[PDB]
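Below is one structure, written out as structure tokens, with a few remarks after it.
Laboratory data are not the source of any read-out in this text; all were calculated from the coordinates shown. Positions of Cβ are backbone-derived with ideal geometry, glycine not excepted, and every protein chain shown enters the neighbour counts.
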Amino acid sequence: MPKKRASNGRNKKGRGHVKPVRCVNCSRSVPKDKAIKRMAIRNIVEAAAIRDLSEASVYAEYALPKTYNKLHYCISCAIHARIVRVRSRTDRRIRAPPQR
Amino acid sequence: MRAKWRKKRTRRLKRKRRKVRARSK
Amino acid sequence: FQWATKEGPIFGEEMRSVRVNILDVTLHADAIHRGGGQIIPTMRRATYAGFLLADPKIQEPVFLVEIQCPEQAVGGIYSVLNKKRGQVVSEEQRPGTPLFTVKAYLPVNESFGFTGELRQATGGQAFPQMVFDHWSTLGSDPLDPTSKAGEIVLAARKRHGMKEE
Amino acid sequence: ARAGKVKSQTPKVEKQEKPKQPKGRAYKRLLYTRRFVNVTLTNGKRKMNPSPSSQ
RNA sequence: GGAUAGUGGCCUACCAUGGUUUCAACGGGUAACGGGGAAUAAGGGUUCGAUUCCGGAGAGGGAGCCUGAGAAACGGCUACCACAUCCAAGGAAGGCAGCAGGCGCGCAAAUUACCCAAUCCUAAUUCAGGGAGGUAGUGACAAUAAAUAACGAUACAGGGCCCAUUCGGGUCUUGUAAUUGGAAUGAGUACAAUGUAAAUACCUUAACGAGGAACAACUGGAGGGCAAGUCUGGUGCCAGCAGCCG
RNA sequence: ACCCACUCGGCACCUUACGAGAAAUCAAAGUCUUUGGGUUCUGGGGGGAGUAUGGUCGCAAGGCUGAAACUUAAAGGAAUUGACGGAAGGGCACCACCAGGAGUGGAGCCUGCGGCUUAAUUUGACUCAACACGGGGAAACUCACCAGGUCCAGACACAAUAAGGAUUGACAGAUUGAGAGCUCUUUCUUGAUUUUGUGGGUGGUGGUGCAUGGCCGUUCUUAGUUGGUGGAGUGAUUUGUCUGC
RNA sequence: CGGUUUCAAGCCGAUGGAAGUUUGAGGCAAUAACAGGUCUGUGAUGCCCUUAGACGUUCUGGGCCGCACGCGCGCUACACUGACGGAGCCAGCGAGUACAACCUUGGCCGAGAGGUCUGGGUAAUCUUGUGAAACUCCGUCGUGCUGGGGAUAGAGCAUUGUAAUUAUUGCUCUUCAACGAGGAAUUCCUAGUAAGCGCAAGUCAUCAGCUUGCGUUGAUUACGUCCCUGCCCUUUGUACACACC
RNA sequence: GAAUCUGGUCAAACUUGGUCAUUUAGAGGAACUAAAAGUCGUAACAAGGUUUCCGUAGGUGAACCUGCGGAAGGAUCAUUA
Ligand SMILES: [Mg+2]
Ligand SMILES: [Mg+2]
Ligand SMILES: [Mg+2]
Ligand SMILES: [Mg+2]
Ligand SMILES: [Mg+2]
Ligand SMILES: [Mg+2]
Ligand SMILES: [Mg+2]
Ligand SMILES: [Mg+2]
Ligand SMILES: [Mg+2]
Ligand SMILES: [Mg+2]
Ligand SMILES: [Mg+2]
Ligand SMILES: [Mg+2]
Ligand SMILES: [Mg+2]
Ligand SMILES: [Mg+2]
Ligand SMILES: [Mg+2]
Ligand SMILES: [Mg+2]
Ligand SMILES: [Mg+2]
Ligand SMILES: [Mg+2]
Ligand SMILES: [Mg+2]
Ligand SMILES: [Mg+2]
Ligand SMILES: [Mg+2]
Ligand SMILES: [Mg+2]
Ligand SMILES: [Mg+2]
Ligand SMILES: [Mg+2]
Ligand SMILES: [Mg+2]
Ligand SMILES: [Mg+2]
Ligand SMILES: [Mg+2]
Ligand SMILES: [Mg+2]
Ligand SMILES: [Mg+2]
Ligand SMILES: [Mg+2]
Ligand SMILES: [Mg+2]
Ligand SMILES: [Mg+2]
Ligand SMILES: [Mg+2]
Ligand SMILES: [Mg+2]
Ligand SMILES: [Mg+2]
Ligand SMILES: [Mg+2]
Ligand SMILES: [Mg+2]
Ligand SMILES: [Mg+2]
Ligand SMILES: [Mg+2]
Ligand SMILES: [Mg+2]
Ligand SMILES: [Mg+2]
Ligand SMILES: [Mg+2]
Ligand SMILES: [Zn+2]
């Protein structure tokens, strides 16, 4: 088995052995670098409310805030569903943030 | 078999071997 | 087949003279993937049972002995033979009166110290000159004790090294 | 048998009374001529021990 | 100082505490005698050197010594061990790792032959002796040189072709036939004389000595590696071959 | 605090590689058969084995140090194409599914195949792609199965009788399922066709479809397949054969 | 022609047009294969079998169809969209004998089946408009294992064949069983199709629940999607390459 | 000028121990390797059906498992504000 990647675990370069983060789903300790650190900026209320809440509510405009779950995923855990998405050898060089 | 265990296997085999040769001083 | 014929069950020894069958023999065949191994000693466990179930009374030497005896002496040769399961075949009267021979079947099982028994009897007279001739059958059952062949068998297997039978 | 069965089981063919192949130089004189001088027939490539033309 | 031929911790007395060492002291191993050399063979090397020369050791071990210029000799002696001989039992004689021979060991290695004529050596010495040394025998250790037919003719085929109305003479040259024929040859023997210490053998020959039956080439191999059988009979996963592949 | 240009120090990418590299790749893993800047260390097929031993160190666990005998033809590495994946995207198809229909499975009956049974219940085919198939809806035939009998359809070759017959036929009833001369009872036919042996064949719904041919079926009627240049690679290969629609 | 789509490839809707689903359906159908099936289509066949007590052939009787019981195609029904009577009454594919015995109208006999005379036909000519069925009309019974449903049975009357019991089939009357729409499952299907209905040749002397064709009646529901199933690529991984057995 | 003989000295060898090296019987144990091929599972390889690994503790019937830490030779060179 040669290198799949040049980076591998990524942030760790010029940096002995950093601390780790328990994943979300599996609770699988993974370094905070190998971690797949997605950001889940979700609304406090789901879209298919929202009217209903604002109808029954006091005040106008409202807080209507957004919870800020900075997730993590143990790569495996991530692949099983999440942003990972197994790319082609040539495509694996791309660091560009997807979509957008 | 898995090499770490093949290591662990021969660790016990030594620790049995140590009791055997110690039984004759 | 070559063993059990070389190395039989009862004695721990060879020989003779064994038909032996064969009928039918169900294979499948195959490819196989069969003996030399499976058939290489299937026959052995067979031919042992074919040996065993029949009888085998078991055979023995026997060395022809032909002794250059004098006439005035050497009755004692006859007593030496009568002892040993011996059968005199002939008593050839030579032209010279002081010479004789006694062509005789003698088992080699029983001819140990043969000359020693001959010498004392004849008084150092008559000169053994024996030779091998032909196999002679016995009457003893092997598995059953108190028999000439069976006692020889039990002794022979003890010399080899068991199991009994 | 299970000990030199084949050696016995073959029909022994007898050494035929065929003439002396010559020794020393005259042997070379054959091989020189049976390659260089005579020149054997070739359809495509050269061949030093032929076959009777069949499968 | 003692000793020694003599230098010296070579030995002795008294004194000092040195001496060597990771630039491998010390220790162990060596199926190690050293060197010359040997094989291999671009260059660099590796491995070997018991062995024809030069050193060194040893004469069963380990000691001790006589004589002698030179010996810690062993084809001198004394002893002890180890091994063994000869006996009339009181006692004697020994030492092939000189040569030959034998055992033993082992995969493994020669004849108890003839000679001082050479080579040299020794002495009281031109004159004697010398298993030092030479001479053969045995000798597939190595190495060197090379016979295992050659020239014909006739008889049947390949190649040049004067010309290719179809041939064919075959005028010219090559290969095949138990044809056949003339011409040599040492493999051998053997008067001789060589050779030689005497012989052998070599070189030389008086005299004989070739006709396929003789005066005879084996070894290995014949799928690949790697040169070369899809021939004829067997064999039939066996028996076997096969460095490897198989 | 930026912008922009350049600079010493740090941590990493892109493209071509003309340089390296077995390649993956690497601006070092370059400046190496055009072989030499300096230095330390480690490795010499795989295993056996980080074992045995001996040190040495440790409270111990264990470490450091470190064997061979024996064993074996490969162990690897990298990549190529396949095949496969309880990997992820993108397709297709009523042999997939929806929205429906007709159903079948239940019922009885046919008719396949199991299973049992039998003297035989002959066999082939067992996911799609065996199972109303063998064109197989068998009363005998078909027929391969079983119980019974008949016949030579025993080519040719060589020999023993070679007419004092080589051998063929044969009504009658017992025989025999039986106007089978199947034969034993018979004593008339038949003329070298044969019969007795030994080579040798011929036939065989025998055997093996894992020895084969042809045909078929099936992958799949799915959309796949290939080469010629040209490029990329030492190379197996690949690109062409593709982001989309 | 119209939108719709980088105003491409094409798709979607109207108009006309017999036909606007590749116009409908098949026929052939690549590379590579599979140890698929066939040695029981084969004088297609290698080699093991055998080769006269033949595993050859041939006769004669059986047997493949036997039944506690498993699945698999099928048929008939569980009726009132019916059943039973009459009446009306319209197809297409076909197929068919002279050296045999085929299709067989028309006339008489017979409740039938089926006989018989006679024809026509080697066939767009005769069978044959194959006036097939389901259908359409007027009546009987009305939702009761009832006239639904015909199985099992008994007896006879026919027909094929040399031979019909282990009913060959048909017809006659009688028997009236199970089954009031079928669980888990799962098959087939997108138009003159499905479903119904019958015909037809194939095999066949005789047998149709079978089959390849045919025409009649003729919907429901999509006209999509990858949820399942399968397959296909593509990227990815792979100690696999006899390739997930 | 002999035997004989008093000290020395060199020191064989023996005696009876002690000690290194090389050999070599050794009951037993505990291995490791070849294998015809058998049981028991099926660990790893596919995310190999709990991702593999390593170090290191504990446990087991065997592969193995489970902590902790680590590594991807990972099933990810990727989430922007
Ligand atoms: Mg790998
Ligand atoms: Mg990997
Ligand atoms: Mg740093
Ligand atoms: Mg670190
Ligand atoms: Mg001095
Ligand atoms: Mg030495
Ligand atoms: Mg040396
Ligand atoms: Mg030397
Ligand atoms: Mg030596
Ligand atoms: Mg010397
Ligand atoms: Mg000696
Ligand atoms: Mg000495
Ligand atoms: Mg000397
Ligand atoms: Mg000497
Ligand atoms: Mg000697
Ligand atoms: Mg020699
Ligand atoms: Mg000499
Ligand atoms: Mg000689
Ligand atoms: Mg000569
Ligand atoms: Mg040869
Ligand atoms: Mg050969
Ligand atoms: Mg070759
Ligand atoms: Mg050979
Ligand atoms: Mg090694
Ligand atoms: Mg049918
Ligand atoms: Mg029938
Ligand atoms: Mg036939
Ligand atoms: Mg190209
Ligand atoms: Mg391609
Ligand atoms: Mg079409
Ligand atoms: Mg096949
Ligand atoms: Mg056949
Ligand atoms: Mg049947
Ligand atoms: Mg069907
Ligand atoms: Mg008509
Ligand atoms: Mg009723
Ligand atoms: Mg399919
Ligand atoms: Mg003294
Ligand atoms: Mg998982
Ligand atoms: Mg597993
Ligand atoms: Mg796993
Ligand atoms: Mg590795
Ligand atoms: Zn997780």
Being aliphatic (A, V, I, L, M) and buried (at least 18 other Cβ atoms within 10 Å of the Cβ) is the filter here; which residues of region C:135-150 pass it? C:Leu138, C:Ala149
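Being assigned to a loop (DSSP other than H, G, I, E, B) and within 14 Å of chain D (Cβ to nearest Cβ) is the requirement here; does C:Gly12 meet it? Give the derivation first.
Details: assigned to a loop (DSSP other than H, G, I, E, B): yes; within 14 Å of chain D (Cβ to nearest Cβ): no.
Criteria not met by C:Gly12.
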Can you spot a residue in region A:2-22 that is more than 16 Å from RNA strand G (Cβ to nearest atom) and among the polar types (S, T, N, Q)? yes
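Could you pull out the residue among A:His80, A:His72 that is more than 16 Å from ligand 3 (Cβ to nearest atom) and either loosely packed, with under 14 Cβ neighbours inside 10 Å or aromatic (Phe, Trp, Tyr) (or both)? Don't jump to the end; show me each part of the working.
Values: A:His72 fails: either loosely packed, with under 14 Cβ neighbours inside 10 Å or aromatic (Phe, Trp, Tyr) (or both).
Checking each option against the conditions leaves just A:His80.
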C:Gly116 meets each of (1) within 14 Å of chain D (Cβ to nearest Cβ); (2) not in a loop (DSSP other than H, G, I, E, B) with one exception, condition (1)
Sole miss for A:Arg92 among (1) of a type in the set (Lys, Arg); (2) assigned to a loop (DSSP other than H, G, I, E, B); (3) near RNA strand H (Cβ under 8 Å from one of its atoms) is condition (2)
For region A:1-21, which positions are away from ligand 43 (no atom under 16 Å from the Cβ), closer than 10 Å to A:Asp33 by Cβ and either touching a residue at least 40 places away in the same chain (Cβ under 8 Å) or among the polar types (S, T, N, Q) (or both)? A:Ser7, A:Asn8, A:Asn11
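Taking region D:8-36 as the search range and keeping residues that are more than 6 Å from RNA strand E (Cβ to nearest atom), hydrophobic (A, V, I, L, M, F, W, C) and in a helix (DSSP H, G or I), which one is surrounded by the most Cβ atoms within 10 Å (Cβ to Cβ)? Show your work before the answer.
Initial filter on region D:8-36 (more than 6 Å from RNA strand E (Cβ to nearest atom)): D:8, D:12-19, D:21, D:27-36.
This time we only want the ones that are hydrophobic (A, V, I, L, M, F, W, C), so: D:13, D:30-31, D:36.
Subsequent filtering for residues that are in a helix (DSSP H, G or I) retains D:30-31, D:36.
Working: D:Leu30: 12, D:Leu31: 10, D:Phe36: 8.
Within region D:8-36, the match that is surrounded by the most Cβ atoms within 10 Å (Cβ to Cβ) is D:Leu30.
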Being over 21 Å from the mean Cα position of the chain (by Cα), outside any loop (DSSP other than H, G, I, E, B) and free of Cβ contacts under 8 Å to residues at least 40 places away in the same chain is the filter here; which residues of region C:15-58 pass it? C:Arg45, C:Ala46, C:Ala49
Can you tell me which residues in region A:23-57 are within 13 Å of A:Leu71 (Cα to Cα), of a type in the set (A, V, I, L, M) and either in contact with a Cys (Cβ under 7 Å, 6 or more places away or on another chain) or surrounded by fewer than 10 Cβ atoms within 10 Å (Cβ to Cβ) (or both)? A:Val30, A:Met39, A:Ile41
What pairs come up if the first residue lies in region D:1-30 and is more than 14 Å from chain C (Cβ to nearest Cβ), the second is among the small types (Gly, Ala, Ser), and their beta carbons are under 8 Å apart, counting only those six or more places apart or on different chains? D:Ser8/D:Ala1
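State all residues of region C:15-40 that are closer than 30 Å to C:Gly150 by Cα and within 14 Å of chain D (Cβ to nearest Cβ); if no residue qualifies, say none.
C:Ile40
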Mind checking whether some residue in region C:115-134 is under 20 Å from the mean Cα position of the chain (by Cα) and crowded, with 18+ Cβ neighbours inside 10 Å? no
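So, A:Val45, is that one over 28 Å from A:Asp91 (Cα atoms), away from chain B (no Cβ under 14 Å), more than 11 Å from RNA strand H (Cβ to nearest atom) and in contact with a helix residue (DSSP H, G or I) (Cβ under 8 Å, 6 or more places away or on another chain) or not? Give the derivation first.
On the way: over 28 Å from A:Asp91 (Cα atoms): yes; away from chain B (no Cβ under 14 Å): yes; more than 11 Å from RNA strand H (Cβ to nearest atom): yes; in contact with a helix residue (DSSP H, G or I) (Cβ under 8 Å, 6 or more places away or on another chain): yes.
In short, yes.
Quick one: would you say D:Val39 is hydrophobic (A, V, I, L, M, F, W, C) and near RNA strand E (Cβ under 7 Å from one of its atoms)? I'd like the intermediate steps shown before the answer.
Values: hydrophobic (A, V, I, L, M, F, W, C): yes; near RNA strand E (Cβ under 7 Å from one of its atoms): no.
In short, no.
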